[PDB]
**Q** 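Pasting in a structure now, in structure tokens, and then I'll have a few things to ask.
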Amino acid sequence: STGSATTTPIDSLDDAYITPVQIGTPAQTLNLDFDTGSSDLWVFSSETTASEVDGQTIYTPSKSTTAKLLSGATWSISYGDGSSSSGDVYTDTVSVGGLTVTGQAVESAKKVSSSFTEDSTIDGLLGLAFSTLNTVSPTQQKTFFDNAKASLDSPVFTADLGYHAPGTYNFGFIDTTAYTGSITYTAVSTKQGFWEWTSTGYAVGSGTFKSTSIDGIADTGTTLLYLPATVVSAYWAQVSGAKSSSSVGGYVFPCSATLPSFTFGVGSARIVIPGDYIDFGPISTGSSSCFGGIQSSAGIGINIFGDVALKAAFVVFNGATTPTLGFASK
């Protein structure tokens, strides 16, 4: 089997991407944020505290003939940005782009943090990290990908995120028309439950490539690129007037700037992030200070290759017995 679904930016800045997912019988279609940095499939639901729902589409398990309460199971998750959600659990049929899993754990939110309430475009998350991070208790549950894997033509999924444009998530096959050149594969550590890999270095604009190992995670559920302070300082030093603002919460730059590209290494290959991808626009409406798309990971505790990086590539999440990651230009 295979699946293929279009993923669409939620706004003009590509702050996140949503992908339609069919849940239950008859299908209830919710737009979920596919997140390779977490491992819970959770949704706004008929059980979500009413005051915490503001425009989202909800899953109503009582209207699904295939839904069944997973008795005694609860979940609770806290994300790196401080957002959170929690609730109870159903199993139901879940389909993505024509690929169907029966008996998928669908985590129904009873509570969500304000950041979720305030974003009407995200109806929940679909986690695609390793199932060891799944928060369901007392019986940990598998991700959609882990449940699907045995049925897939090949045990892979791919992320092809667009810059200010829709893109694609494919399951079970590699679309050889979706990238240029060759795919470079690189080792993954699953020890922390993430798609964790080591970049071979970086360059800023037309500058020389710096060979240096940068351990980080491939995370479709994080907007920006978070790298060591040394690397980030070297980037922003090439933008006149750029500075780190403690009040804003990161590097800002004059909206009049032309940003340089940023290159990261994957083995002996190179992925180039165009400067435009690093512009996240005015810090507040009408401001001439713009927010940067490359930020320091100091204080996070891990480097994160979020959407800013991933959208510059065709990315293969290879879930073979020994997982690997592949990157191609596109």
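Reckoned from all heavy atoms, side chains included, excluding hydrogens, waters and symmetry mates. For this chain, numbers begin at 1 and follow the sequence in order.
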**Q** Can a donor-acceptor pair be found, under 3.5 Å and without considering hydrogens, that links the side chain of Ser287 to the backbone of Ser284?
**A** no

**Q** Should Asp54 and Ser120 be marked as a side-chain hydrogen bond (donor to acceptor under 3.5 Å, both in side chains) after you check the CA-CA gap, both sets of side-chain angles, and the distance that decides it?
**A** CA-CA 6 Å; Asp54 188 4; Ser120 68; over 6 Å; no

**Q** Give, for atom CD1 of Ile183 and atom CZ of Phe314, the distance between the pair rounded to the nearest 0.5 Å.
**A** 5.5 Å

**Q** For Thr143, is there any backbone N or O sitting under 3.5 Å from a side-chain donor or acceptor partner on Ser131?
**A** yes

**Q** Identify the two heavy atoms, one from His164 and one from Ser12, that lie closest to each other, and give their separation to 0.1 Å.
**A** CE1-O, 3.2 Å

**Q** Can you see whether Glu107 engages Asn134 through a side-chain donor-acceptor pair at a distance of less than 3.5 angstrom?
**A** yes

**Q** Mind checking side-chain contact (heavy atoms from CB on, under 4.5 Å) for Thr19 and listing every partner two or more places apart, or none if nothing turns up?
**A** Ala5, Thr7, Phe34, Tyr169

**Q** CD/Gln104 to OG1/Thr93 distance, rounded to the nearest 0.5 angstrom?
**A** 10.0 Å

**Q** How far apart are the closest heavy atoms of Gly267 and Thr200, and which atoms are they?
**A** O-OG1, 2.8 Å

**Q** Any side-chain donor paired with an acceptor under 3.5 Å for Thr60 and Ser62?
**A** no

**Q** If you apply the rule side chain to side chain contact (heavy atoms under 4.5 Å, CB included), what do you find for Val21 with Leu126, and how did you get there?
**A** CA-CA 9 Å; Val21 177; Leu126 190 149; 4.3 Å; yes

**Q** Do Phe144 and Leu99 come close enough that some side-chain heavy atom pair is under 4.5 Å?
**A** yes

**Q** Going from SG on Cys290 to CD1 on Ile283, what distance comes out if it is rounded to the nearest 0.5 angstrom?
**A** 8.5 Å

**Q** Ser113 side chain to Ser84 main-chain N or O, any donor-acceptor pair under 3.5 Å?
**A** yes

**Q** Examine distances only and state if a side-chain atom of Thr198 and a backbone atom of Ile214 form a donor-acceptor pair shorter than 3.5 Å.
**A** no

**Q** The test is side chain to side chain contact (heavy atoms under 4.5 Å, CB included); show your working for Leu41 and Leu125 and say whether it passes.
**A** CA-CA 5 Å; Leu41 192 175; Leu125 267 63; over 6 Å; no

**Q** Would you call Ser64 and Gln28 a side-chain contact if the rule is heavy atoms closer than 4.5 Å?
**A** yes

**Q** So, for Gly216 and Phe305, which heavy atoms are closest and what is the spacing to 0.1 Å?
**A** CA-CE1, 4.0 Å

**Q** Side chains of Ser115 and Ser83: is there a donor and an acceptor less than 3.5 Å apart?
**A** yes

**Q** Quick one: does any side-chain atom of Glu196 pair with a main-chain N or O of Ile217 as donor and acceptor, under 3.5 Å?
**A** no

**Q** Side chains of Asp40 and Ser38: any donor to acceptor distance under 3.5 Å?
**A** no

**Q** Between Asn170 and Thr168, is the side-chain hydrogen bond (donor to acceptor under 3.5 Å, both in side chains) condition met? List the steps.
**A** CA-CA 6 Å; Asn170 291 329; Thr168 306; 5.4 Å; no

**Q** With a 3.5 Å distance limit and no angle check, can you tell me whether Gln140 reaches the backbone of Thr135 through a side-chain donor-acceptor pair?
**A** no

**Q** How about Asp160 and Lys330: do any of their side-chain heavy atoms sit closer than 4.5 Å?
**A** yes

**Q** Are any non-hydrogen side-chain atoms of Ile174 and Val316 less than 4.5 angstrom apart?
**A** yes

**Q** Roughly how far apart are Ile294 CD1 and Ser233 OG, rounded to 0.5 Å?
**A** 12.0 Å

**Q** Can any side-chain N or O of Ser199 pair as donor or acceptor with the backbone N or O of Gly265 at less than 3.5 Å?
**A** yes

**Q** Under 6.0 Å between ring centres, would you say that holds for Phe291 and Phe280?
**A** no

**Q** Check for me, please, whether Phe173 and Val96 land in the same ILVMFWY cluster - side-chain distances under 4.5 Å, paths through other members count.
**A** no

**Q** Would you please say whether a donor-acceptor pair under 3.5 Å links the side chains of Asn303 and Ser297?
**A** yes

**Q** Just by distance, with hydrogens left out, do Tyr59 and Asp92 show a side-chain donor and acceptor under 3.5 Å apart?
**A** yes

**Q** Run the numbers on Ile122 and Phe44 for side chain to side chain contact (heavy atoms under 4.5 Å, CB included), then give the verdict.
**A** CA-CA 9 Å; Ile122 289 173; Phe44 278 80; 5.7 Å; no

**Q** Any side-chain heavy atom of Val106 sitting closer than 4.5 Å to one from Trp42?
**A** no

**Q** Indicate if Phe209 and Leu225 have the same hydrophobic cluster label, given that clusters are the connected sets of ILVMFWY residues with side-chain heavy-atom separations under 4.5 angstrom.
**A** no

**Q** Think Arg270 forms a cation-pi with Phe264, using NZ or CZ under 6.0 Å from the six-ring centre and within 45 degrees of its axis?
**A** no

**Q** Is the distance between the ring centroids of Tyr235 and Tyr251 under 6.0 Å?
**A** no

**Q** Taking only residues two or more places apart in sequence or in another chain, which ones pass side-chain contact (heavy atoms from CB on, under 4.5 Å) with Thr36?
**A** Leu128, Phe157, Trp195, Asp219, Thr220, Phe317

**Q** For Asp175 and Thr177, does a side-chain donor sit closer than 3.5 Å to a side-chain acceptor?
**A** yes

**Q** Side-chain contact test, heavy atoms from C-beta onward, threshold under 4.5 Å: evaluate it for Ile273 versus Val308 and give yes or no.
**A** yes

**Q** Looking only at side-chain N and O atoms, does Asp15 offer a donor or acceptor that is under 3.5 Å from a partner on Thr223?
**A** no

**Q** Are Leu227 and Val272 connected, step by step, through hydrophobic side chains (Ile, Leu, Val, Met, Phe, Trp, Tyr) whose heavy atoms are closer than 4.5 Å?
**A** no

**Q** Do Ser51 and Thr49 get their side chains close enough for a donor-acceptor pair, meaning under 3.5 Å?
**A** no

**Q** A side-chain contact here means heavy atoms from C-beta on lying under 4.5 Å apart; do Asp307 and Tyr17 qualify?
**A** yes

**Q** Run the side chain to side chain contact (heavy atoms under 4.5 Å, CB included) test on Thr212 and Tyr202 for me, step by step, so that the C-alpha distance in whole Å, both residues' side-chain angles and the decisive distance to 0.1 Å come before the verdict.
**A** CA-CA 8 Å; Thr212 182; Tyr202 70 98; 4.0 Å; yes

**Q** Between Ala165 and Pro9, what is the shortest heavy-atom contact and its length?
**A** O-CD, 3.4 Å

**Q** Could you tell me whether a side-chain N or O of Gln56 sits under 3.5 Å from a main-chain N or O of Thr117, the two making a donor and an acceptor?
**A** yes

**Q** Just checking, any donor-acceptor pair under 3.5 angstrom between side chains of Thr100 and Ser95?
**A** yes

**Q** Do the side chain of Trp75 and the main chain of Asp88 share a donor and acceptor less than 3.5 angstrom apart?
**A** yes

**Q** Between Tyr185 and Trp197, does the ring centroid distance fall short of 6.0 Å?
**A** no

**Q** Distance-only, no hydrogens or angles: does the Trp236 side chain make a donor-acceptor pair with backbone N or O of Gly241 under 3.5 Å?
**A** no

**Q** Within a strict 4.5 Å, meaning less than it, do heavy atoms of the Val43 and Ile23 side chains meet?
**A** yes

